[PDB]
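Comments concern the structure below.
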Amino acid sequence: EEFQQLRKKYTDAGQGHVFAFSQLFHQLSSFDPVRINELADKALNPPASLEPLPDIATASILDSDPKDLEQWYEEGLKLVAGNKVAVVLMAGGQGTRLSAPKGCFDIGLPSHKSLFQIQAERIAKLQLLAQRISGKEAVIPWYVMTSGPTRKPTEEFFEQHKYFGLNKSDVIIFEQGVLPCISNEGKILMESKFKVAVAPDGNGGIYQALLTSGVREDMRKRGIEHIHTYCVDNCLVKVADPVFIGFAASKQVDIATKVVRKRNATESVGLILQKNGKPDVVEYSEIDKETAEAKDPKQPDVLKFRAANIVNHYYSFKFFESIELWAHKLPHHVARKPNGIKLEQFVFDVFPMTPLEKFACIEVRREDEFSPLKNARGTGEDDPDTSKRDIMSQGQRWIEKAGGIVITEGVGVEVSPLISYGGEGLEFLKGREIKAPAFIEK
């Protein structure tokens with residue numbers, strides 16, 4: 001009846017094969033088969049000039065003036081105190097490459113805290129450091145962007161931990177768009193017959209997702225003016241980092257990015273770059289050996305092209321307000337996964353559309369800021385062990401810097417975010433001994 005109305009519209013569009021054979025009816029009613037055809041069509045039928053970003057657009061935790069760094073931290077913490085700052089978490093992944101949602105993974109710290117909890121606590125701590133200047137509660141909304149599979153386990157998990165101390169009203173879980181799977185000839189793939197194989201539409205899907213879910217409208221009501229985005233797998237992420245916030249808003253950019261230093265020319269890292277006079281992210285493959293090896297004229301101890309992308313972004317709210325102008329302009333790329341294709345928009349494809357003066361980039365310290373969880377244990381790289389080690393190494397550093405004496409007879413100290421957000425506030429440990437492995441907690 002109504003069912004056959006659907007089977008007609010899909011068959012007319014060359015996708016009647018998915019009705020070949022009751023939940024299907026509903027899954028398929030959420031898809032425009034024609035729009036699938038459009039994206040499959042444009043995606044299946046589509047010597048660049050590379051230069052570093054302008055020095056006017058770049059800063060460095062390592063190299064910039066301690067005077068500017070301190071001031072940016074202060075201004076960024078001002079913005080947090082005025083409830084102007086928001087975080088959008090990219091939390092789509094599952095832990096299958098390592099089960100549960102990725103943010104639930106326990107990399108094996110002494111506390112056994114998940115990634116979600118570690119991040120929540122950095123938010124809690126940061127609002128508390130902001131309160132010391134505002135005099136009142138500070139609120140950083142945490143918009144958690146999940147995939148379809150992860151939405152309910154994420155909700156139940158945050159519910160089971162009582163939202164890690166934050167107000168339920170300040171943790172907003174929501175969903176990014178999805179697309180069916182499609183074969184090599186653009187025909188929708190069938191996971192089983194009772195359900196379409198689907199997938200999330202790339203980290204570029206965030207922009208449209210901010211509208212559909214009502215997240216942008218919620219930010220508007222709150223007076224949000226600055227937004228930090230990152231991926232849940234960065235176990236060291238400085239959530240809502242004031243130095244980043246302060247930097248970007250002092251230059252009043254639409255978009256800013258965080259990088260770490262590429263130190264050896266052969267590292268396979270994406271680079272934030274001027275590609276054809278536009279800001280862009282360039283894969284390592286499109287980088288020539290000469291340009292990869294090029295040393296900086298004004299600094300031969302470092303490489304010319306050294307801004308290694310870590311998917312860690314800043315946006316103005318004004319920029320979000322403009323999404324309706326260009327959101328359609330964003331191509332759905334092809335992700336081959338030898339049977340099929342995944343149409344994925346790319347978060348950075350909007351970069352070249354940004355005027356150069358509206359774009360900025362800050363290099364940060366790897367060991368304090370980027371330890372990605374990507375691989376199973378024993379891999380030796382981007383795994384729970386390197387993640388564990390980076391956090392416990394940072395913890396020992398912070399302590400030792402404030403005068404603590406850490407003793408290792410077998411390494412590192414887990415410092416809870418609630419005690420210290422970024423190494424501050426540890427003078428109480430001056431003089432005392434600590435037997436590593438150890439765990440410092442509120």
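Chain labels run A, B, ... following the order of the structure tokens; each chain numbers its residues from 1, and ligands are numbered from 1 in the order shown.
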DSSP alpha helix (DSSP H) residues within range 281-335 of chain A, listed as a PDB file with N, CA and C atoms, in the first residue's frame:
```
ATOM      1  N   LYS A 289      59.392  15.017  -3.002  1.00  0.00           N
ATOM      2  CA  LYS A 289      60.589  14.808  -2.186  1.00  0.00           C
ATOM      3  C   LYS A 289      61.351  16.111  -1.962  1.00  0.00           C
ATOM      4  N   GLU A 290      61.462  16.946  -2.998  1.00  0.00           N
ATOM      5  CA  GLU A 290      62.156  18.222  -2.843  1.00  0.00           C
ATOM      6  C   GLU A 290      61.433  19.125  -1.850  1.00  0.00           C
ATOM      7  N   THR A 291      60.119  19.313  -2.040  1.00  0.00           N
ATOM      8  CA  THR A 291      59.344  20.166  -1.135  1.00  0.00           C
ATOM      9  C   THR A 291      59.278  19.574   0.270  1.00  0.00           C
ATOM     10  N   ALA A 292      59.192  18.245   0.374  1.00  0.00           N
ATOM     11  CA  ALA A 292      59.242  17.596   1.680  1.00  0.00           C
ATOM     12  C   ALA A 292      60.555  17.889   2.388  1.00  0.00           C
ATOM     13  N   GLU A 293      61.662  17.871   1.640  1.00  0.00           N
ATOM     14  CA  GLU A 293      62.990  18.058   2.204  1.00  0.00           C
ATOM     15  C   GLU A 293      63.359  19.521   2.386  1.00  0.00           C
ATOM     16  N   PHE A 317      31.498  31.524  15.712  1.00  0.00           N
ATOM     17  CA  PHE A 317      30.062  31.294  15.543  1.00  0.00           C
ATOM     18  C   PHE A 317      29.545  31.936  14.260  1.00  0.00           C
ATOM     19  N   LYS A 318      30.024  33.144  13.945  1.00  0.00           N
ATOM     20  CA  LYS A 318      29.693  33.761  12.660  1.00  0.00           C
ATOM     21  C   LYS A 318      29.923  32.794  11.502  1.00  0.00           C
ATOM     22  N   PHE A 319      31.002  32.012  11.556  1.00  0.00           N
ATOM     23  CA  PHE A 319      31.264  31.078  10.469  1.00  0.00           C
ATOM     24  C   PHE A 319      30.192  30.002  10.412  1.00  0.00           C
ATOM     25  N   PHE A 320      29.749  29.517  11.572  1.00  0.00           N
ATOM     26  CA  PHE A 320      28.666  28.541  11.583  1.00  0.00           C
ATOM     27  C   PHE A 320      27.395  29.137  10.989  1.00  0.00           C
ATOM     28  N   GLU A 321      27.155  30.428  11.228  1.00  0.00           N
ATOM     29  CA  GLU A 321      25.942  31.050  10.708  1.00  0.00           C
ATOM     30  C   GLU A 321      25.893  31.032   9.187  1.00  0.00           C
ATOM     31  N   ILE A 323      26.821  28.524   7.222  1.00  0.00           N
ATOM     32  CA  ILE A 323      26.866  27.166   6.676  1.00  0.00           C
ATOM     33  C   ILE A 323      25.892  27.016   5.507  1.00  0.00           C
ATOM     34  N   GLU A 324      24.718  27.653   5.585  1.00  0.00           N
ATOM     35  CA  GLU A 324      23.734  27.469   4.520  1.00  0.00           C
ATOM     36  C   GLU A 324      24.238  27.969   3.177  1.00  0.00           C
ATOM     37  N   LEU A 325      25.251  28.831   3.165  1.00  0.00           N
ATOM     38  CA  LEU A 325      25.708  29.359   1.886  1.00  0.00           C
ATOM     39  C   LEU A 325      26.508  28.321   1.115  1.00  0.00           C
ATOM     40  N   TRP A 326      27.381  27.583   1.806  1.00  0.00           N
ATOM     41  CA  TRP A 326      28.380  26.747   1.155  1.00  0.00           C
ATOM     42  C   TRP A 326      28.297  25.263   1.498  1.00  0.00           C
TER      43      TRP A 326
END
```
Residues of range 101-175 of chain A in strand (DSSP E or B), written as a list in words
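Listing strand (DSSP E or B) positions across range 101-175 of chain A yields residues 101, 142, 143, 144, 145, 146, 171, 172, 173, 174 and 175 of chain A.
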How would the residues just chosen look if you wrote them out with N, CA, C and O atoms as a PDB file, in the first residue's frame?
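Everything below was put into out06.pdb:
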```pdb
ATOM      1  N   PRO A 101      31.808   2.162  22.264  1.00  0.00           N
ATOM      2  CA  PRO A 101      32.243   3.405  21.614  1.00  0.00           C
ATOM      3  C   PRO A 101      33.676   3.734  22.002  1.00  0.00           C
ATOM      4  O   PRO A 101      34.148   3.379  23.084  1.00  0.00           O
ATOM      5  N   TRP A 142      29.285  20.747  25.779  1.00  0.00           N
ATOM      6  CA  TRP A 142      29.970  19.631  25.142  1.00  0.00           C
ATOM      7  C   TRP A 142      28.965  18.959  24.206  1.00  0.00           C
ATOM      8  O   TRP A 142      28.149  18.134  24.628  1.00  0.00           O
ATOM      9  N   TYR A 143      29.024  19.302  22.937  1.00  0.00           N
ATOM     10  CA  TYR A 143      28.184  18.670  21.930  1.00  0.00           C
ATOM     11  C   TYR A 143      28.900  17.425  21.420  1.00  0.00           C
ATOM     12  O   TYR A 143      29.906  17.523  20.719  1.00  0.00           O
ATOM     13  N   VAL A 144      28.389  16.256  21.785  1.00  0.00           N
ATOM     14  CA  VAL A 144      29.013  14.975  21.477  1.00  0.00           C
ATOM     15  C   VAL A 144      28.390  14.453  20.186  1.00  0.00           C
ATOM     16  O   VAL A 144      27.218  14.061  20.179  1.00  0.00           O
ATOM     17  N   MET A 145      29.168  14.424  19.096  1.00  0.00           N
ATOM     18  CA  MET A 145      28.677  13.929  17.806  1.00  0.00           C
ATOM     19  C   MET A 145      28.997  12.443  17.680  1.00  0.00           C
ATOM     20  O   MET A 145      30.162  12.061  17.576  1.00  0.00           O
ATOM     21  N   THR A 146      27.964  11.608  17.661  1.00  0.00           N
ATOM     22  CA  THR A 146      28.126  10.163  17.603  1.00  0.00           C
ATOM     23  C   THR A 146      27.645   9.630  16.261  1.00  0.00           C
ATOM     24  O   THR A 146      26.935  10.308  15.512  1.00  0.00           O
ATOM     25  N   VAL A 171      25.728  18.555  28.425  1.00  0.00           N
ATOM     26  CA  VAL A 171      26.233  17.485  27.584  1.00  0.00           C
ATOM     27  C   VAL A 171      25.109  17.105  26.633  1.00  0.00           C
ATOM     28  O   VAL A 171      24.083  16.553  27.059  1.00  0.00           O
ATOM     29  N   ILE A 172      25.296  17.419  25.349  1.00  0.00           N
ATOM     30  CA  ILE A 172      24.286  17.239  24.313  1.00  0.00           C
ATOM     31  C   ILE A 172      24.837  16.202  23.347  1.00  0.00           C
ATOM     32  O   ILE A 172      25.729  16.496  22.546  1.00  0.00           O
ATOM     33  N   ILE A 173      24.341  14.980  23.437  1.00  0.00           N
ATOM     34  CA  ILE A 173      24.676  13.959  22.456  1.00  0.00           C
ATOM     35  C   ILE A 173      23.783  14.150  21.240  1.00  0.00           C
ATOM     36  O   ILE A 173      22.591  14.451  21.374  1.00  0.00           O
ATOM     37  N   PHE A 174      24.364  14.011  20.047  1.00  0.00           N
ATOM     38  CA  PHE A 174      23.600  14.138  18.809  1.00  0.00           C
ATOM     39  C   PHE A 174      24.279  13.344  17.707  1.00  0.00           C
ATOM     40  O   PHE A 174      25.361  12.769  17.885  1.00  0.00           O
ATOM     41  N   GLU A 175      23.630  13.337  16.550  1.00  0.00           N
ATOM     42  CA  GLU A 175      23.932  12.413  15.467  1.00  0.00           C
ATOM     43  C   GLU A 175      24.366  13.179  14.231  1.00  0.00           C
ATOM     44  O   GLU A 175      23.799  14.232  13.910  1.00  0.00           O
TER      45      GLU A 175
END
```
Residue 413 in chain A environment, 8 Å, only C-alpha atoms, sequence neighbours closer than 5 positions dropped, as a ChimeraX atom specification:
/A:391-396,436-440
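A straight line drawn from CA of residue 380 in chain A to CA of residue 150 in chain A is 27.2 Å long.
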Which range 309-416 of chain A residues have any atom within 10 Å of an atom of range 111-124 of chain A, and for each, what is the nearest pair of atoms with distance in Å to one decimal, counting only C-alpha atoms, rows sorted by chain and number, as CSV?
```
residue,atom,partner,partner_atom,distance
A:373,CA,A:115,CA,9.6
A:414,CA,A:111,CA,7.8
A:415,CA,A:111,CA,9.6
A:416,CA,A:118,CA,7.7
```
Write out, as a PDB file, in the first residue's frame, the residues just selected, with N, CA, C and O atoms.
```pdb
ATOM      1  N   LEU A 373      44.753   7.433  19.908  1.00  0.00           N
ATOM      2  CA  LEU A 373      44.443   6.020  20.105  1.00  0.00           C
ATOM      3  C   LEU A 373      43.881   5.486  18.790  1.00  0.00           C
ATOM      4  O   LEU A 373      42.773   5.857  18.389  1.00  0.00           O
ATOM      5  N   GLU A 414      50.038   9.121  36.657  1.00  0.00           N
ATOM      6  CA  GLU A 414      48.775   9.643  36.144  1.00  0.00           C
ATOM      7  C   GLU A 414      48.306  10.794  37.034  1.00  0.00           C
ATOM      8  O   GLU A 414      48.002  10.596  38.215  1.00  0.00           O
ATOM      9  N   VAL A 415      48.258  12.002  36.480  1.00  0.00           N
ATOM     10  CA  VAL A 415      47.716  13.166  37.179  1.00  0.00           C
ATOM     11  C   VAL A 415      46.305  13.406  36.662  1.00  0.00           C
ATOM     12  O   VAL A 415      46.105  13.632  35.458  1.00  0.00           O
ATOM     13  N   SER A 416      45.330  13.368  37.576  1.00  0.00           N
ATOM     14  CA  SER A 416      43.935  13.526  37.187  1.00  0.00           C
ATOM     15  C   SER A 416      43.686  14.950  36.695  1.00  0.00           C
ATOM     16  O   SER A 416      44.239  15.903  37.261  1.00  0.00           O
TER      17      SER A 416
END
```
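Distances from A:19, A:314, A:31, A:244 to residue 230 in chain A were compared using only C-alpha atoms, and the smallest one belongs to A:314.
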Grab the CA of residue 232 in chain A to CA of residue 102 in chain A distance for me, in Å with one decimal place.
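Computed distance, CA of residue 232 in chain A to CA of residue 102 in chain A, equals 7.3 Å.
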Determine, for each residue of range 30-96 of chain A having at least one atom at most 12 Å from an atom of range 196-205 of chain A, the closest pair of atoms and their separation in Å to one decimal, counting only C-alpha atoms; order by chain and ascending number, as JSON lines.
```
{"residue": "A:30", "atom": "CA", "partner": "A:196", "partner_atom": "CA", "distance": 11.1}
{"residue": "A:31", "atom": "CA", "partner": "A:196", "partner_atom": "CA", "distance": 10.3}
{"residue": "A:36", "atom": "CA", "partner": "A:201", "partner_atom": "CA", "distance": 11.8}
{"residue": "A:39", "atom": "CA", "partner": "A:201", "partner_atom": "CA", "distance": 11.3}
{"residue": "A:88", "atom": "CA", "partner": "A:203", "partner_atom": "CA", "distance": 11.6}
{"residue": "A:89", "atom": "CA", "partner": "A:203", "partner_atom": "CA", "distance": 10.9}
{"residue": "A:90", "atom": "CA", "partner": "A:203", "partner_atom": "CA", "distance": 7.7}
{"residue": "A:91", "atom": "CA", "partner": "A:203", "partner_atom": "CA", "distance": 10.0}
{"residue": "A:92", "atom": "CA", "partner": "A:200", "partner_atom": "CA", "distance": 8.0}
{"residue": "A:93", "atom": "CA", "partner": "A:200", "partner_atom": "CA", "distance": 9.8}
```
Same residues, N, CA and C atoms, saved as an mmCIF file, in the first residue's frame:
```cif
data_model
loop_
_atom_site.group_PDB
_atom_site.id
_atom_site.type_symbol
_atom_site.label_atom_id
_atom_site.label_comp_id
_atom_site.auth_asym_id
_atom_site.auth_seq_id
_atom_site.Cartn_x
_atom_site.Cartn_y
_atom_site.Cartn_z
ATOM 1 N N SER A 30 13.875 7.234 5.028
ATOM 2 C CA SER A 30 14.803 8.301 5.396
ATOM 3 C C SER A 30 15.834 8.610 4.307
ATOM 4 N N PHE A 31 15.862 7.845 3.214
ATOM 5 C CA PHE A 31 16.789 8.060 2.106
ATOM 6 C C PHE A 31 16.043 8.605 0.900
ATOM 7 N N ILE A 36 20.954 10.016 -3.465
ATOM 8 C CA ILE A 36 22.041 9.039 -3.517
ATOM 9 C C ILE A 36 22.621 8.980 -4.921
ATOM 10 N N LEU A 39 24.831 12.087 -5.650
ATOM 11 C CA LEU A 39 26.136 12.081 -5.001
ATOM 12 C C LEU A 39 27.020 10.981 -5.565
ATOM 13 N N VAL A 88 32.645 20.797 20.164
ATOM 14 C CA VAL A 88 31.973 19.729 19.429
ATOM 15 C C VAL A 88 32.937 18.558 19.382
ATOM 16 N N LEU A 89 32.570 17.470 20.035
ATOM 17 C CA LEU A 89 33.355 16.245 20.022
ATOM 18 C C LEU A 89 33.014 15.402 18.809
ATOM 19 N N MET A 90 34.038 15.034 18.039
ATOM 20 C CA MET A 90 33.853 14.038 16.987
ATOM 21 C C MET A 90 34.064 12.668 17.630
ATOM 22 N N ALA A 91 32.968 11.958 17.866
ATOM 23 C CA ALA A 91 32.964 10.714 18.623
ATOM 24 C C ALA A 91 32.219 9.616 17.870
ATOM 25 N N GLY A 92 32.442 9.492 16.564
ATOM 26 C CA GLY A 92 31.691 8.506 15.806
ATOM 27 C C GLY A 92 32.240 7.102 15.930
ATOM 28 N N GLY A 93 33.555 6.971 16.087
ATOM 29 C CA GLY A 93 34.190 5.673 15.976
ATOM 30 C C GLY A 93 33.765 4.710 17.067
#
```
Selection near residue 307 in chain A, 9 Å with only C-alpha atoms, sequence-local residues under 6 positions removed, as a PyMOL selection string:
chain A and resi 52+258-262+269-273+361-363
Could you check the closest approach to residue 86 in chain A for each of A:264, A:229, A:386, A:15 and tell me which residue wins, using only C-alpha atoms?
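Nearest candidate to residue 86 in chain A out of A:264, A:229, A:386, A:15: A:229.
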Ranking A:176, A:60, A:169, A:252 by minimum distance to residue 209 in chain A and counting only C-alpha atoms, which one comes first?
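Looking at the shortest contact to residue 209 in chain A, the residue is A:176.
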Would you mind listing what lies within 12 Å of residue 5 in chain A as number ranges by chain, with only C-alpha atoms counted and same-chain residues fewer than 6 positions away left out?
A: 11-12, 16, 19, 25, 28-29
Residue nearest residue 220 in chain A among A:387, A:83, A:379, A:274 (counting only C-alpha atoms)
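Result for the nearest residue to residue 220 in chain A: A:83.
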Under the rule that only C-alpha atoms are counted, which of A:248, A:303, A:138, A:107 is the nearest residue to residue 234 in chain A?
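Of the candidates, the smallest distance to residue 234 in chain A is held by A:107.
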Please indicate the distance in Å from CA of residue 217 in chain A to CA of residue 347 in chain A, rounded to one decimal place.
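These atoms are spaced 20.3 Å apart.
Considering the residues A:429, A:166, A:308, A:80 and counting only C-alpha atoms, residue 282 in chain A has its shortest atom-to-atom contact with A:308.
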Polymer residues at most 8 Å from residue 434 in chain A, only C-alpha atoms, same-chain spacing of 5 or more positions, as a list in words
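Residues meeting the cut-off are residues 404, 405, 406 and 407 of chain A.
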Polymer residues at most 8 Å from residue 133 in chain A, only C-alpha atoms, same-chain spacing of 4 or more positions, as a PyMOL selection string:
chain A and resi 78+81+129
May I have the selected residues written with C-alpha atoms, as a PDB file, in the first residue's frame?
```
ATOM      1  CA  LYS A  78      38.222  35.162  29.676  1.00  0.00           C
ATOM      2  CA  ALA A  81      34.378  32.650  31.805  1.00  0.00           C
ATOM      3  CA  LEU A 129      39.816  27.831  36.481  1.00  0.00           C
TER       4      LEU A 129
END
```
